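Student: part one of the assembly, not moved from where it sits:
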Amino acid sequence: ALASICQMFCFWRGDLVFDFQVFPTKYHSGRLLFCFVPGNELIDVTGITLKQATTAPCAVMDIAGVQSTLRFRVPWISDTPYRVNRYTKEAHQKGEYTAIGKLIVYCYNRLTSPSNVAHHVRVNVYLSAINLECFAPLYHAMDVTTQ
Amino acid sequence: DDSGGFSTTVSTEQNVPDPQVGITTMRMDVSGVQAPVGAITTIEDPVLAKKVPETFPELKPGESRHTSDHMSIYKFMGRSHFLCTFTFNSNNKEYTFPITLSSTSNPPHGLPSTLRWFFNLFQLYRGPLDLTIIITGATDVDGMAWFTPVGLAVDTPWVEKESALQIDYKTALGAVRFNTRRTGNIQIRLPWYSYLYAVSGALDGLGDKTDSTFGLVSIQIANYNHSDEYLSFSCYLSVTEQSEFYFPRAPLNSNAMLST
Amino acid sequence: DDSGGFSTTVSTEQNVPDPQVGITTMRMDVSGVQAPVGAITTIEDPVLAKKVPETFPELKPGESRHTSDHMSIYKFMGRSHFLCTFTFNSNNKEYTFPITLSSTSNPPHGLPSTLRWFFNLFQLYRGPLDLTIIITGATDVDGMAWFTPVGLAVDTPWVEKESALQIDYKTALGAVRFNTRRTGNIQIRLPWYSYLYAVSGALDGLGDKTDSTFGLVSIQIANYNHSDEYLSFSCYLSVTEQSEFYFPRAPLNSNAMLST
């Protein structure tokens, strides 16, 4: 829903609230680390180890508990009052950016579990927005983003 | 409960429309110096999903620096958006296109682009619309337009053919009469005449043919001598302040949004 | 000082904007019958450079005899000044020119004459502009114009070529649609839509391509039969009262001011 409204506007600012929901059993255990790495979206983040990523603003959720969800609210961090919908344009241009950063997810502690329970836990990632401001209408059909 | 229903659990409304304004304003810090009690929640419980999400310390983001609020509907959709285009190839012909909010209709016959997008955001639409037609090419062409509510007799839609109806039946529904020499454009409000409460945009099969049609605007032109160049029309819809939008739906997938 | 800085010397502001009005008025003699204490100074010291220069005895020069003050910016630049001119050589073509305050751009592609001069006087520009386009030659030509903010998809600038984009994408940004029979001129305000604080006119290299572009006005014309004569356009920019000018720079050398 957020991507379908924000695709129709040139410029967007606000707070994006990522809602993570694990689907474990009560017998799984483990921890995830969700790191926010402020920058453009073309910065190459795949070399960052886990100890380095605790520098950036992060949060750690435990898998098995009474609450499923951790809501990760990304503050607005930018050098410009707005970001821009560039996916209309063809190639990349330095200085013109859509995202405010990348959100990395690590495996903070491993996943431990007995023999008769599933060996993995799927995790939904939701998306929403608060304190949102968008303007300058346009028309664009936002294509699927593959990693 | 009136219906006789009981429960211990607290019944709490879900997905209330218009929680916040879409412009940055103040109405200190937002969150901080306390804790992120708002960073752990159970999203399955509708009582706990209304908890204001807060995670880190943050500041109030000042005021937005332009006056208008572009995320309002009566502003955004107030801008008139493309609908169709068509060309008369011969004199003394009529053309009739419906305003059909249905998404089963794929353009060029149907709503394209943003309109196709917008009328699928919500379930019900009730109210008048503003319509503007723009004329291109040939000049010295008189033409008449008339709006026909649904269910009443009308010529085959999305088709250019000679008139099947009386000049008396046409003018009774009300009609503008323009000349493409003098004006070259028209802007006119379309009334809401329906035996229905509203007109839904997402429907299938039987209910799709009736409930999804707002009304049929027709255009007839006479005195078109085709020794001249082409005659092009184009239509653009906008939304008045007397329209009302109800019960938000899920927006269209990226494969269902077409363009013209 | 807040930053922790200290000093004995008195810190005094330098080059304050708008010391005096640019019209002659009274707000006796100016200097006289005392001494020209103001005729000896140390120009290196910013405390002593603000000493009102006075040398001989002089009288107050009455009132200026016209009402308006021509050295105001919102008056002088209010007059709309030349920007570009271009001609369609064929039907159904589009043309897109940016408003680029950069001085690295040399006209015919760029700002000429006074605009090239004015936007180099100061570092930052923030706000709306008024734009007027004037049409010459062929008549009975419908055309559409639309304003595209920076970063969004747009056709190759300063180039006349057939449209690469949908009529739906075009009209979404907002568009006028005019006919060169009826009007022959247009005047329309351009909004300030930018992900940037301002747009600087003097920059080089990388930062020059993004920060210096205000936005791209495009014009598309259809129904142009070239059996007719030429079709010429021309554009003239003026400055609203909502524009703001910041941090004066040094004006351009006489070899950098070009003309068209």
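Tutor: Alright, I've got the coordinates. Numbering: from 1, shown residues only, chains lettered A, B, ... in the order given.
Student: tell me how many other residues crowd residue B:67.
Tutor: 6 (other CB atoms under 10 Å in any protein chain shown). (Each C-beta comes from the backbone N, C-alpha and C, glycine too.)
Student: then residue A:99?
Tutor: The number of residues near residue A:99, taken as other CB under 10 Å, comes to 16.
Student: give the contact list for the nearest residue to it once chain neighbours are set aside.
Tutor: Spatial nearest neighbour of residue A:99, chain neighbours left out: residue A:41 (3.6 Å); criterion: CB to CB, 6 or more residues apart in numbering or on different chains. By CB atoms under 8 Å, 6 or more residues apart in numbering or on different chains, residue A:41 lies in contact with A:97, A:98, A:99, A:101, A:102.
Student: for chain C, what are the nearby residues on the stretch 1-150 of chain B?
Tutor: Residues of the stretch 1-150 of chain B found near chain C (CB under 8 Å from any CB of the partner chain) are B:66, B:79, B:81, B:82, B:85, B:112, B:113, B:114, B:134, B:136, B:137, B:139.
Student: before we move on, what about the stretch 151-260 of chain B?
Tutor: Near chain C, when you scan the stretch 151-260 of chain B using CB under 8 Å from any CB, you find B:184, B:185, B:229, B:230, B:232, B:236, B:259, B:260.
Student: kindly reformat those residues as a markdown table containing distance to residue B:248 and neighbour count.
Tutor: Formatted as a markdown table, these follow (distance: CB to CB, whole Å; neighbours: other CB atoms under 10 Å in any protein chain shown):
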| residue | distance to residue B:248 | neighbour count |
| --- | --- | --- |
| B:184 | 39 | 20 |
| B:185 | 34 | 16 |
| B:229 | 46 | 13 |
| B:230 | 42 | 13 |
| B:232 | 36 | 17 |
| B:236 | 25 | 20 |
| B:259 | 23 | 16 |
| B:260 | 26 | 16 |
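Student: which of those fall within strands?
Tutor: B:185, B:232, B:236 (DSSP state E).
Student: pop out the phi and psi values for residue A:16.
Tutor: With angles defined as degrees, to the nearest 10, residue A:16 sits at phi -100, psi 120.
Student: measure residue B:32 to chain A for me?
Tutor: Separation of residue B:32 from chain A (CB to the nearest CB, to the nearest Å): 11 Å.
Student: contacts only, for that residue.
Tutor: B:57, B:58.
Student: next up, chain D:
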Amino acid sequence: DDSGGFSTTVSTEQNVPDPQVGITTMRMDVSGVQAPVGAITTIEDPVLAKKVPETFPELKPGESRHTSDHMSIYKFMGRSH
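Tutor: With chain D added, the chains above now look like this:
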């Protein structure tokens, strides 16, 4: 917290020096006629480890019959070694 740290949990000091005097004195029964609520605890939690341990009914053990307190440091180590 001054350092900017926050939490919901109550931060409670651990292993405070000199909880009790090392001489028997009175400063009735100690525990009884109520329950041994103090006989079940979670030793991992520092808030719950300060719960006064009590199990059975007991009496206050009178006064110690010599003056000095030999478990003081400035007495014990005062003797030269």
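Student: please re-evaluate the contacts of residue A:41 in the presence of chain D.
Tutor: A:97, A:98, A:99, A:101, A:102.
Student: what sits closest to residue A:50 if chain neighbours are left out?
Tutor: residue A:106 (5.3 Å).
Student: doesn't that neighbour lie inside a helix?
Tutor: No: when DSSP: H, G, I helix; E, B strand; the rest coil is applied, residue A:106 is found to be strand, with no helix at that position.
Student: ok, how many other residues are close to residue 143?
Tutor: Assuming you mean chain A. Neighbours of residue A:143 (other CB under 10 Å): 9.
Student: sorry, I should have been clearer: chain B.
Tutor: Neighbour tally, residue B:143, other CB under 10 Å: 23.
Student: same question, the one 10 residues further on
Tutor: Neighbourhood size, residue B:153 [other CB under 10 Å]: 8.
Student: and what of residue B:94?
Tutor: Residue B:94: 22 neighbours (other CB under 10 Å).
Student: ditto for residue A:33
Tutor: 17.
Student: also the one 10 residues further on?
Tutor: Neighbour count of residue A:43, defined by other CB under 10 Å: 12.
Student: equivalent analysis for the one 5 residues further on, please.
Tutor: Neighbouring residues of residue A:48 were enumerated by other CB under 10 Å; the total is 16.
Student: repeat that for the one 3 residues further on.
Tutor: Counted by other CB under 10 Å, the residues lying close to residue A:51 total 7.
Student: ok but it is inside a helix, no?
Tutor: Yes: counting by three-state DSSP, residue A:51 is found in a helix.
Student: that one and chain D: what is the separation?
Tutor: 20 Å.
Student: how about residue A:117?
Tutor: 26 Å.
Student: doesn't residue A:28 make contact with that residue?
Tutor: Yes: with contact defined as CB atoms under 8 Å, residue A:117 counts as touching residue A:28 (6.6 Å).
Student: higher neighbour count, those two?
Tutor: residue A:28 (19 against 13).
Student: list the contacts for the closest residue to the more buried one other than its chain neighbours?
Tutor: Excluding the flanking residues, the one nearest residue A:28 by CB to CB, 6+ apart is residue A:113, at 4.9 Å. The contact partners of residue A:113, by CB under 8 Å, 6+ apart, come to A:25, A:27, A:28, A:29, A:119.
Student: and which of these is nearest to chain C?
Tutor: Of all the contacts of residue A:113, chain C sits closest to residue A:28, with 43.3 Å by CB to the nearest CB.
Student: go ahead and place chain E:
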Amino acid sequence: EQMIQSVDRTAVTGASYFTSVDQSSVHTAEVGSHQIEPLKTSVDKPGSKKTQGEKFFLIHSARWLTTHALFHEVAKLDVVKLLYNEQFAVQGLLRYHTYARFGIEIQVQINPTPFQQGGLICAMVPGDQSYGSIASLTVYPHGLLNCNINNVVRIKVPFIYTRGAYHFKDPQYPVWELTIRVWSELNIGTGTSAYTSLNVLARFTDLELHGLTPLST
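Tutor: Putting chain E together with the chains above:
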């Protein structure tokens, strides 16, 4: 008689630690002024000593295994020495200052599944463990990680040391030693995961810093 103004020659300027003594000097020329933004580009709190230097950091990451015997040392940490590193944002404060005195706060995290069983003691030991008993670790500030009860311990300790501050370039001896011992062994049935992951989060509290210095090492 009238007085004609003139430059004031001798003046002394500077900021923080630096000083300028000029014979020929002249008044400073400001332009503009500090402005506040009506619309904040970055809503997060502006960085400072307390935001950068005092945040949590991932010190050490180990694993507690079924083949570790009793009193096995799962993780031995020199806490402050690991906080002094290129990875951690506290560095940029410490790298340029000679001496610091400070608190420490540890958070140690395991993740046993309820089908495992075992315990841990995590104690803050000043200096070195030296000799004294392993049984007696409960004297030090500590917490007991129990697979049944808590998977999280937290510890807060002031600055304990024989001097005024801990000199980072040539450290005399480590201020704190964090030691994680198997308090009761890890036991599993058949098929239960054979380990637990263990991580440590450390930060400074009430950090003071002295001695700016060009020495790069």
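Student: the neighbour count of residue A:51 again, this time with chain E added?
Tutor: Residue A:51 has 17 nearby residues by other CB under 10 Å.
Student: swap in the one 10 residues further on?
Tutor: As a burial measure, residue A:61 scores 22 neighbours (other CB under 10 Å).
Student: that one: what's it in contact with?
Tutor: Residue A:61 touches A:20, A:22, A:31, A:32, A:34, A:70, B:40, counting by CB under 8 Å, 6+ apart.
Student: among those residues, which ones are in strands?
Tutor: Per DSSP E, the contacts of residue A:61 map to strands at A:20, A:22, A:31, A:32, A:34, A:70, B:40.
Student: which of these come close to chain E?
Tutor: residue A:31.
Student: could you dump the ones in strands among the contacts of residue A:61 to a markdown table with distance to residue A:147 and neighbour count?
Tutor: What follows is those, written out as a markdown table (distance: CB to CB, whole Å; neighbours: other CB under 10 Å):
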| residue | distance to residue A:147 | neighbour count |
| --- | --- | --- |
| A:20 | 17 | 19 |
| A:22 | 20 | 19 |
| A:31 | 23 | 21 |
| A:32 | 17 | 20 |
| A:34 | 16 | 22 |
| A:70 | 21 | 22 |
| B:40 | 27 | 19 |
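Student: and of the ones in strands among the contacts of residue A:61, the nearest to chain E?
Tutor: Nearest to chain E among these, with distances taken as CB to the nearest CB, is residue A:31, at 6.0 Å.
Student: and residue E:94, how many neighbours does it have?
Tutor: 22.
Student: list the contacts for it?
Tutor: E:53, E:83, E:84, E:100, E:168, E:209.
Student: export those residues as CSV, with columns for secondary structure, neighbour count and distance to chain A.
Tutor: Shown next, in CSV, are the contacts of residue E:94 (DSSP: H, G, I helix; E, B strand; the rest coil; neighbours: other CB atoms under 10 Å in any protein chain shown; distance: CB to the nearest CB, whole Å):
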residue, secondary structure, neighbour count, distance to chain A
E:53, coil, 23, 12
E:83, helix, 21, 11
E:84, coil, 17, 13
E:100, strand, 22, 19
E:168, coil, 18, 19
E:209, strand, 18, 19
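Student: for residue B:241, see how far away the residue nearest to residue B:68 when sequence neighbours are not counted is.
Tutor: In this structure, residue B:68 finds its nearest non-sequential neighbour in residue B:75, 6.3 Å apart by CB to CB, 6+ apart. The spacing between residue B:75 and residue B:241, counted by CB to CB, to the nearest Å, is 10 Å.
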